[PDB]
Amino acid sequence: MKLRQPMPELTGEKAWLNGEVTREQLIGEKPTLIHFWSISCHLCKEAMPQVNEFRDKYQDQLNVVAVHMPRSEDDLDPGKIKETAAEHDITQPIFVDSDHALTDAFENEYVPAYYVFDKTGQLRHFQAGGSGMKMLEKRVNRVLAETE
């Protein structure tokens, strides 16, 4: 991913969850945040609450969409993906990838990973991991402050 391209094809075929959006349905005037996570990843457990937090803080200012990223047989489970999303109040649109289809389309090679896009629908900044992933709140707020 160059900090320049449009979003990928948004593949991922298990289904959507908690809401149904695509780039093409929510881009126009707000910047966008796509982040990967999973129900039992060592740093995704810091993403999950902070995701809920900035999703409530910035929903009207920032398009938020998420992608669950299966890693294991114990990680595919539609029921646990739904229930952990309810437990952590992760109520934005959530893709559930089949395994890695979007992840391959943009060669992420991490899981607690995040991509921040301008209101025109192309990548501004991307990171993966970080100290409690706190710095993503700043990358988001920078895109919010820098966008018109």
# chains A, B, ... in the order shown; residues from 1 in each chain; ligands from 1
$ residues_around --residues "range 90-102 of chain A" --least-positions-apart "2" --cutoff "6 Å" --atoms "only C-alpha atoms" --output "list in words"
residues 10, 11, 12, 13, 14, 15, 16, 17, 18, 19, 20, 52, 65, 66, 67, 68, 69, 70, 85, 88, 104 and 105 of chain A
$ write_last_selection --atoms "C-alpha atoms" --output "PDB file, in the first residue's frame"
ATOM      1  CA  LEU A  10     -12.976  -4.792  -0.389  1.00  0.00           C
ATOM      2  CA  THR A  11     -13.117  -8.577  -0.921  1.00  0.00           C
ATOM      3  CA  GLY A  12     -14.029 -10.891   2.032  1.00  0.00           C
ATOM      4  CA  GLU A  13     -16.842 -13.382   1.665  1.00  0.00           C
ATOM      5  CA  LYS A  14     -17.943 -14.855   5.071  1.00  0.00           C
ATOM      6  CA  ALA A  15     -20.329 -11.817   5.310  1.00  0.00           C
ATOM      7  CA  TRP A  16     -20.678  -8.315   6.731  1.00  0.00           C
ATOM      8  CA  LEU A  17     -21.628  -7.946  10.450  1.00  0.00           C
ATOM      9  CA  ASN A  18     -23.075  -5.106  12.674  1.00  0.00           C
ATOM     10  CA  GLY A  19     -23.637  -2.927   9.522  1.00  0.00           C
ATOM     11  CA  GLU A  20     -23.223  -3.067   5.715  1.00  0.00           C
ATOM     12  CA  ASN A  52     -15.447   1.528  20.197  1.00  0.00           C
ATOM     13  CA  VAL A  65     -15.523   0.508   9.098  1.00  0.00           C
ATOM     14  CA  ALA A  66     -13.712  -2.580  10.423  1.00  0.00           C
ATOM     15  CA  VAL A  67     -12.585  -6.002   9.216  1.00  0.00           C
ATOM     16  CA  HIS A  68     -12.372  -9.089  11.403  1.00  0.00           C
ATOM     17  CA  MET A  69      -9.297 -11.124  10.262  1.00  0.00           C
ATOM     18  CA  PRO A  70      -9.509 -14.889  10.966  1.00  0.00           C
ATOM     19  CA  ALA A  85     -18.150  -7.329  19.048  1.00  0.00           C
ATOM     20  CA  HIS A  88     -16.800  -4.488  23.445  1.00  0.00           C
ATOM     21  CA  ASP A 104      -4.028 -10.234   0.197  1.00  0.00           C
ATOM     22  CA  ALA A 105      -5.536  -7.525  -2.077  1.00  0.00           C
TER      23      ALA A 105
END
$ residues_around --residues "range 114-119 of chain A" --least-positions-apart "5" --cutoff "6 Å" --atoms "only C-alpha atoms" --output "PyMOL selection string"
chain A and resi 28-35+124-127
$ closest_residue --among "A:134, A:55, A:71, A:42" --to "residue 112 in chain A" --atoms "only C-alpha atoms"
A:42
$ select_by_dssp --residues "range 5-145 of chain A" --states "strand (DSSP E or B)" --output "ChimeraX atom specification"
/A:6,15-17,32-37,63-68,94-96,113-117,122-128
$ closest_residue --among "A:37, A:2, A:9, A:108" --to "residue 50 in chain A" --atoms "only C-alpha atoms"
A:37
$ select_by_dssp --residues "range 12-82 of chain A" --states "alpha helix (DSSP H)" --output "compact mmCIF listing (two decimals) with C-alpha atoms, in the first residue's frame"
# COMPACT_ATOMS: atom_id res chain seq x y z
CA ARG A 23 -16.12 2.66 0.30
CA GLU A 24 -18.52 3.35 -2.55
CA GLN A 25 -21.54 3.77 -0.19
CA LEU A 26 -19.97 6.09 2.50
CA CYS A 44 -6.30 -6.39 19.01
CA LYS A 45 -7.62 -6.54 22.62
CA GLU A 46 -6.35 -2.90 22.89
CA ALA A 47 -7.76 -2.06 19.42
CA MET A 48 -11.29 -3.37 20.25
CA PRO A 49 -12.01 -0.87 23.13
CA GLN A 50 -10.23 2.09 21.44
CA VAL A 51 -12.16 1.32 18.22
CA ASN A 52 -15.45 1.53 20.20
CA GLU A 53 -14.18 4.78 21.77
CA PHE A 54 -13.16 6.76 18.64
CA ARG A 55 -16.15 5.30 16.73
CA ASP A 56 -18.45 7.02 19.28
CA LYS A 57 -16.28 10.19 19.49
CA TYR A 58 -15.92 10.75 15.71
CA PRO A 78 -19.29 -16.41 13.50
CA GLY A 79 -20.90 -16.55 16.97
CA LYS A 80 -17.78 -15.48 18.92
CA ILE A 81 -16.98 -12.72 16.35
CA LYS A 82 -20.54 -11.35 16.87
$ atom_distance --atom1 "CA of residue 110 in chain A" --atom2 "CA of residue 76 in chain A"
17.1 Å
